[PDB]
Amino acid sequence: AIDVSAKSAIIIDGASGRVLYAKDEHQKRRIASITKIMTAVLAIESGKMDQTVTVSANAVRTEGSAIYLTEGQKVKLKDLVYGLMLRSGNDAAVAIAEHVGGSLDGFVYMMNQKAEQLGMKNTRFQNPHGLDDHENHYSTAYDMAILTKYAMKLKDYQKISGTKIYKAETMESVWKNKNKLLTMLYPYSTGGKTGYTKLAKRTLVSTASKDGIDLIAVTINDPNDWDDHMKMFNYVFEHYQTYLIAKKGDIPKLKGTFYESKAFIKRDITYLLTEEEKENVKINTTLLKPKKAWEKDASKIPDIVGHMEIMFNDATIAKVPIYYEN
C-alpha cells in the first residue's frame, strides 16, 4: 500500500487527470511556495516574457527566499520566472505580479479568476508567493494537482520546471534548481516546486515520467516529502500500465453483425490502470439499428453510426464516435 508522512497528498495521472492515490486531498491548507506555480503560469500566458521589468521598492522589501533584486533594476520577465521557480524568490514573485498584473491586487485578481476557470473550488490566493501574510490564502492537494496538470500543458512551464541550471540573460546570476528530485534524487523526475513556511511546514509539487506515463504528485505538510514522492511514483510505475483498451480501426465485438468490417473508431483508446482495474473495464457500444433500405443504398447510412463508451465501474473514462466507412 502507499503510506506517506504528509497530512494531505495526491497522485494523479497526467494524461486523464484520474486520481490514483489520495489522502485528505480536499482539506484546505496553507501551501507556501507551491503558490508560485500559479504566478509562473500567469507570467507565461501573459505574452510578456521578453519584456523588461522594473523592480519596485515593494518587491525588494519582501521577506524570505530571494534572488537579490535591487530597487529600479531592469530585468527580463523570463529571468524572473526562472528565479521564481528555481530559487523561490519572493522578490521575483512580487516583481512578476506588479509587471503582469499592474499591482499586487491586480495580479491576485488574475490568480483567482484563473483558479475559478480551472475549477479549483477550494483555493483562494492573496499573494503571488505563499508567504503567510494574509488569512485565507490556501489550496488543497487536489486543486494543486489540477493547477499543475494545466501548467504542464505549457511548453515554457515544462522547460522551466525541468531546468537544473539557468544563467540569467539580464542578471549576473546562475541559479541551481532547489528541486532535489530533479537535480539529484530521482531519475524519472521532470520538475516540481518546493515550499516551506513555519505554519505551512513542507509542501511539494513534483512531476515524473517513465515509459510514457506522466504523473503529478502533491504533498502538503510532509517532513518526508522527497522520499514520499519517490514512493508514490514508484508505486504507480510498478503497479499501473497503459493498456490499449480499443485499437484504431474495426471493432471486435461487432464481429458477425452488419457493422463487422465497416464500423470503425478513428484512434486508439488507452488508459492507465492496475491489472485489477483493467478487469473492471467495459466496452459498451450503442449503434443505430441497420435498416433494410441500407442494404441497397449506402448513402442512407450516416457518417457516424453510434458511439463507444468505455466504462470503469460507473465512470465514463472514454467516449468516442463510431464511424461507418464511406
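The numbering used is simple: start at 1 and walk along the sequence shown.
Between the stretches 20-28 and 305-313, it is 305-313 that shows the larger average CA temperature factor. Higher average CA B factor: 132-140, of the stretches 214-222 and 132-140. Residue set 89, 249, 119, 101: peak C-alpha B-factor at 249 (per PDB entry). Per the PDB entry, 281 shows the highest C-alpha temperature factor of the residues 272, 34, 281, 40. For residue 149, the recorded CA temperature factor ranks within the middle third of the chain's modelled residues. The PDB entry assigns residue 156 a C-alpha temperature factor belonging to the middle third of its chain's modelled residues. In the PDB entry, residue 73 places in the highest third of its chain by CA B-factor. When the modelled residues of the chain are ordered by C-alpha B-factor, residue 114 sits in the lowest third. In the PDB entry, residue 254 places in the highest third of its chain by CA B-factor.
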